[PDB]
Amino acid sequence: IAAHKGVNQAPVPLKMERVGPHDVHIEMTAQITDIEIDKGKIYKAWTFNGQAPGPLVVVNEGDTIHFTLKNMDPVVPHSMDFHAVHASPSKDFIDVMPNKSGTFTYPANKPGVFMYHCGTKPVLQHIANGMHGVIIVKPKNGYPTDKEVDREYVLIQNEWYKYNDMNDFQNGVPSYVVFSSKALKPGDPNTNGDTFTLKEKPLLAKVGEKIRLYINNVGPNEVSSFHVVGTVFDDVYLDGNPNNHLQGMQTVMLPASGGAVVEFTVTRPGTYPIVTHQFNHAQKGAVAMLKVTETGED
Amino acid sequence: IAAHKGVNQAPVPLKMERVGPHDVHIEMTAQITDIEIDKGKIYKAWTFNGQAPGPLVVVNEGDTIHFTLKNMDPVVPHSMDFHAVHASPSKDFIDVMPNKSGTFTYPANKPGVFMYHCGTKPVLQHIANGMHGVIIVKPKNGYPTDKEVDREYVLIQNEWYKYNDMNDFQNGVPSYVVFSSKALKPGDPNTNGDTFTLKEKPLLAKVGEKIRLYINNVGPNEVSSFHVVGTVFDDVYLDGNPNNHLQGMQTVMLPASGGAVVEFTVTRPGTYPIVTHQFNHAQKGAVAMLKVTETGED
Amino acid sequence: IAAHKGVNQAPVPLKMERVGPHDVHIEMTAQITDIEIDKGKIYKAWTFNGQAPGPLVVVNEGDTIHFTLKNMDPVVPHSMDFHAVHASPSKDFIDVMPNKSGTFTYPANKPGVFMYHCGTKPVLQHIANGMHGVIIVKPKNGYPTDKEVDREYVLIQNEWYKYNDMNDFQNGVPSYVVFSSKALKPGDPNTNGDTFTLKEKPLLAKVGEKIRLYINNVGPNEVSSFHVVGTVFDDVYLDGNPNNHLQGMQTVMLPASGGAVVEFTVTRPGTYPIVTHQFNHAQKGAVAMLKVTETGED
Ligand SMILES: [Cl-]
Ligand SMILES: [Cl-]
Ligand SMILES: [Cl-]
Ligand SMILES: [Cu+2]
Ligand SMILES: [Cu+2]
Ligand SMILES: [Cu+2]
Ligand SMILES: [Cu+2]
Ligand SMILES: [Cu+2]
Ligand SMILES: [Cu+2]
Ligand SMILES: [Cu+2]
Ligand SMILES: [Cu+2]
Ligand SMILES: [Cu+2]
Ligand code: NA
Ligand code: NA
Ligand code: NA
């Protein structure tokens with residue numbers, strides 16, 4: 001895209017503020033930002049806020065979201081589709097033109113770990129170029145295992161293809177499959193979908209802890225066989241809905257856009273790989289690391 | 001196949017009649033019928049009854065099916081395998097030769113949304129060429145959410161490959177991935193697996209309704225990440241068995257041949273896309289539309 | 001690998017012995033062994049014990065495994081990762097050098113049907129070349145349907161690619177997808193992942209029996225749509241954990257490394273194919289047979 005040549009829009013922080021007991025404002029951007037998805041490999045991503053996947057959104061069950069998208073892309077329209085919400089797609093997930101903003105309001109009625117993504121046609125193109133992310137909706141009544149959890153992180157799986165190549169997006173294997181982690185609490189890492197950061201800077205935990213991961217496989221195209229090496233998931237809540245409760249799973253199958261809350265115990269010090277067990281994808285980047293120490297700091 | 005050149009056997013209605021409180025007769029054909037799977041693209045499909053996927057079959061839990069296949073294909077044997085039934089495959093799912101009929105009897109003991117398909121070797125060839133469909137077995141005791149459902153439809157996902165090309169069937173990506181809808185009640189649409197009909201003639205619903213979809217991904221080869229844009233599944237019954245009850249799923253993973261009953265509420269007027277969230281497949285056709293109006297008519 | 005030319009190390013029996021009420025010794029090898037994966041097609045597999053998938057391991061919930069790997073590979077290190085266990089991957093799943101042994105101890109706290117595999121980088125290479133298998137951990141309190149089961153077998157699905165070809169492993173479709181069966185009781189077959197043995201020597205059962213299969217799809221790369229033709233799964237326990245209990249499934253989606261206990265009734269004499277319903281994979285080998293006779297012997 002000629003108007004994207006040389007464009008690298010600096011990341012912009014997500015803006016969120018609660019405006020009522022059940023109402024939250026969220027403002028994101030759509031912007032074009034260079035991301036190093038593998039060493040030496042820059043992808044001029046189509047993004048929300050200069051991150052791919054985009055910034056984490058967390059709201060409470062029953063919050064209505066008053067969402068503004070500021071489209072900084074000089075030429076391509078963009079939009080926002082939150083899987084969390086009940087909305088009219090043709091009214092509420094509509095395009096915002098370059099250099100314009102749009103505001104849309106819709107409720108997040110359901111707890112869980114939801115994909116969000118750009119909804120502009122061709123949706124595959126917008127997702128594959130980077131416009132994906134997660135919104136977590138916290139259950140009003142929690143999860144039954146909340147009191148057992150010592151630490152928690154968010155992980156997202158996505159693929160990267162040949163740059164803005166619709167044929168490859170439709171018909172080709174992913175060039176990279178990657179994890180990223182998005183911060184829930186101050187000091188948590190906040191990374192983009194790349195093949196290396198969560199290997200070189202593992203997530204941290206302490207021996208004996210029960211870890212919760214909020215996970216989503218945003219695709220665009222692949223399913224995920226999510227597995228933590230050296231442990232078993234004590235409890236899994238499919239899509240993060242507390243009712244969808246499995247126990248003792250070695251691996252959690254996630255459809256494209258599928259989410260889960262998974263919990264597991266790390267019993268010994270060491271480094272625990274986190275993979276999709278579709279090992280072609282793991283080999284192409286989709287291995288993160290959890291470093292478990294006696295203290296929980298590196 | 002030389003004997004299929006120029007062959008386009010007009011669709012024949014499914015014939016079904018109840019012959020006892022727990023016994024039903026079904027007669028289908030196997031026939032060769034041109035189907036427009038994408039605009040300008042005719043596939044000379046191997047079909048049941050001139051539809052691909054084939055006609056919907058609905059029976060009650062505990063019905064024994066006395067099934068007749070009339071093979072109108074001039075040269076290729078065909079057969080029928082219902083995933084609903086308990087049967088001896090080597091006695092009851094056997095081939096019916098060209099211009100012959102065969103009758104087989106077997107019980108549908110289990111509620112759900114089952115694939116049916118031709119079972120003639122190579123099965124991949126018979127399925128990929130179009131010989132797939134759904135049989136719904138209605139649970140004797142219903143689903144616990146039956147009283148909440150306002151409207152219901154059947155959707156089927158399938159792929160199309162290069163024409164009768166076993167190498168492509170085995171080793172190639174699908175050229176198209178498509179939805180079709182099969183009528184449950186008079187006035188429901190009844191369509192074939194194509195890239196456009198359910199976009200141009202969306203399924204219809206009314207604002208505020210809870211919609212049930214009986215869905216099956218017949219493949220032949222892909223899994224499906226089934227998602228309705230703008231809503232969340234309130235309730236999901238995997239394979240349509242009432243016991244396999246999930247709640248609040250954004251997306252339902254369906255194996256190849258996998259079924260589900262999914263229910264969701266449409267809260268606002270508009271058009272709601274229905275996708276597999278494996279967006280390569282969506283881009284290659286697998287987007288249907290649900291048009292939600294204040295009245296429920298177009 | 002030059003040092004593997006001409007190498008065909010004869011299979012070595014798994015060695016296991018109970019050493020305490022909750023402690024078991026297991027000794028395996030890593031070895032290079034020619035396996036006929038399709039007729040006329042020898043794969044010089046990287047294996048545990050000269051089998052691919054490797055030998056079945058069965059332990060009880062709560063057993064600690066004192067595992068020794070004797071690496072007979074003349075040049076490549078190998079390791080063992082049991083999905084059943086809680087272990088430090090970087091201490092307990094570490095490499096054993098050629099002509100050395102290593103012993104590692106870890107508990108199997110969780111019931112189910114777990115993948116095991118070599119964990120040596122690149123893991124994809126070690127798995128794809130054959131270093132995969134299943135460990136079953138028997139639940140202390142059984143499964144609620146135990147008393148209904150008449151007969152049981154273990155089946156494993158795996159893929160085979162072009163020989164030791166990392167590009168193909170990462171980016172190519174599988175050349176073969178196969179089932180094997182591993183013996184639970186004397187007289188059960190014990191086979192390797194190939195396209196033909198379980199067609200030519202079907203598993204055996206008797207009319208009217210309820211069959212349990214312990215299944216795992218070890219991949220490396222594909223998911224599995226596991227289906228038995230002519231029946232429906234009465235009960236399914238995902239990953240073999242008794243809590244993850246589905247009923248009346250036609251087909252069970254297994255992620256890569258995913259396991260299940262599935263149970264079904266065979267009501268009539270005949271031969272019942274067992275497939276992954278991703279029919280490209282079935283066509284490329286992944287069809288096993290269950291021969292059901294009035295007596296249960298051939
Ligand atoms: Cl692993
Ligand atoms: Cl979508
Ligand atoms: Cl089948
Ligand atoms: Cu507001
Ligand atoms: Cu966009
Ligand atoms: Cu593993
Ligand atoms: Cu009759
Ligand atoms: Cu046929
Ligand atoms: Cu979506
Ligand atoms: Cu010992
Ligand atoms: Cu190895
Ligand atoms: Cu089938
Ligand atoms: Na591992
Ligand atoms: Na969408
Ligand atoms: Na079949």
Side-chain angles (χ1 to χ4, degrees), chain B residues 61 81-94 106-115 117 119 121-128 132 137 139 161 166 168-173 216-223 237-245 253-259, chain C residues 172-177 199 202 207-208 217 222-236 238 244-255 258 260 264-287 289-293:
Chain B
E61 182 179 347
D81 173 337
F82 289 106
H83 283 195
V85 306
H86 281 82
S88 165
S90 55
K91 295 172 73 173
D92 299 322
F93 298 167
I94 62 171
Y106 24 56
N109 294 312
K110 302 285 193 191
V113 185
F114 294 98
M115 178 172 178
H117 59 84
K121 291 181 74 185
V123 174
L124 170 62
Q125 186 174 17
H126 287 254
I127 297 177
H132 42 67
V137 182
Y161 292 84
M166 275 290 279
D168 196 55
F169 293 172
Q170 287 174 88
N171 296 313
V173 296
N216 191 286
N217 166 32
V218 299
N221 299 331
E222 306 290 346
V223 304
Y237 304 97
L238 299 180
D239 273 340
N241 185 290
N243 294 288
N244 301 331
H245 189 173
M253 178 88 282
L254 299 170
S257 73
Chain C
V173 296
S175 287
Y176 308 97
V177 186
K199 293 175 175 65
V207 172
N217 166 32
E222 306 290 346
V223 304
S224 175
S225 293
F226 186 81
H227 175 75
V228 180
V229 178
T231 188
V232 182
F233 299 118
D234 298 319
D235 295 274
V236 172
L238 299 180
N244 301 331
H245 189 173
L246 300 174
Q247 297 183 59
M249 297 288 295
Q250 72 194 295
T251 294
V252 176
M253 178 88 282
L254 299 170
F264 54 91
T265 302
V266 288
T267 62
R268 291 176 179 179
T271 297
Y272 292 65
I274 299 171
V275 306
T276 173
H277 222 284
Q278 290 157 238
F279 254 89
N280 53 346
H281 298 166
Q283 176 61 29
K284 291 189 288 186
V287 178
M289 297 292 182
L290 175 67
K291 180 176 188 181
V292 180
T293 63

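The basis for the numbers below is simple: all heavy atoms, side chains too, and nothing from hydrogens, waters or symmetry mates. Within every chain, numbering begins at 1; the chains are lettered A, B, ... in the order of the sequence lines, protein sequences first and strands thereafter.
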**Q** In terms of heavy-atom proximity below 4.5 Å to chain C, should B/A128 be classed as side chain, backbone, both, or neither?
**A**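 Interface part for B/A128: neither.
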**Q** Quick one: what part of B/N243 sits under 4.5 Å from any heavy atom of chain C, side chain, backbone, both or neither?
**A**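 Interface part for B/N243: side chain.
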**Q** Between B/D81 and chain C, with a heavy-atom cut-off of 4.5 Å, which part of the residue counts as in contact: side chain, backbone, both or neither?
**A** side chain
**Q** Which of the residues C/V207, C/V232, C/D234 is involved in the greatest number of heavy-atom pairs with chain B at under 4.5 angstrom?
**A**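 Highest number of heavy-atom pairs under 4.5 Å: C/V232.
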**Q** Relative to each other, are the rings of B/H117 and C/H277 parallel, tilted or perpendicular (30° and 60° limits)?
**A**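 Geometry flag for C/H277 against B/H117: perpendicular rings.
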**Q** Relative to chain C, which segment of B/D92 carries a heavy atom at a distance below 4.5 Å: side chain, backbone, both, or neither?
**A**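 Looking at B/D92, just its side chain touches chain C.
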**Q** Which atom pair, heavy atoms only, marks the closest approach of B/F169 to C/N280?
**A** O-CB, 3.5 Å
**Q** Report which part of B/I127 has an atom under 4.5 Å of a heavy atom belonging to chain C: side chain, backbone, both, or neither.
**A** side chain
**Q** Please state whether the side chain, the backbone, both or neither of B/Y106 comes within less than 4.5 Å of a heavy atom of chain C.
**A**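 Its backbone and side chain both get close to chain C.
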**Q** Once rounded to the nearest 0.5 Å, what's the spacing between atom CG of B/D239 and atom OG1 of C/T251?
**A** 6.5 Å
**Q** I need the B/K121 NZ to C/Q283 CD distance, nearest 0.5 Å.
**A** 8.5 Å
**Q** Can you tell which part of B/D168 gets under 4.5 Å to a heavy atom of chain C, answering side chain, backbone, both or neither?
**A** neither
**Q** Test your reading of the model: is there a side-chain donor-acceptor pair from B/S90 to the backbone of C/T271, 3.5 Å cut-off?
**A** yes
**Q** Report the distance from atom NE2 of B/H86 to atom OG1 of C/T231, rounding to the nearest 0.5 Å.
**A**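 With rounding to 0.5 Å, NE2 (B/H86) is 3.5 Å from OG1 (C/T231).
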**Q** Relative to chain B, which of C/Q278, C/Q250, C/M253 shows the most heavy atom pairs under 4.5 Å?
**A** C/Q250
**Q** Between the main-chain N or O of C/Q247 and the side-chain N or O of B/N244, is there a donor-acceptor pair closer than 3.5 Å?
**A**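 Indeed, once roles are kept as given, a pair shorter than 3.5 Å links the two residues.
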**Q** Checking B/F114 against chain C: side chain, backbone, both or neither under 4.5 Å from a heavy atom?
**A** both
**Q** Can you tell me which portion of B/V223 sits under 4.5 Å from chain C's heavy atoms? Options are side chain, backbone, both or neither.
**A**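 For B/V223, the side chain is the part near chain C, not the backbone.
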**Q** Compare every heavy atom of B/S88 with every heavy atom of C/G270, then report the nearest pair and how far apart it is.
**A**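 Shortest heavy-atom separation between C/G270 and B/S88 comes out as CA-OG, 3.5 Å.
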**Q** Is it true that a side-chain atom of C/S225 and a backbone atom of B/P255 form a donor plus acceptor pair closer than 3.5 Å?
**A**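 Answer holds: no.
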**Q** Between chain C and each of B/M115, B/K91, B/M166, count heavy-atom pairs under 4.5 Å; write down the option with the most.
**A** B/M115
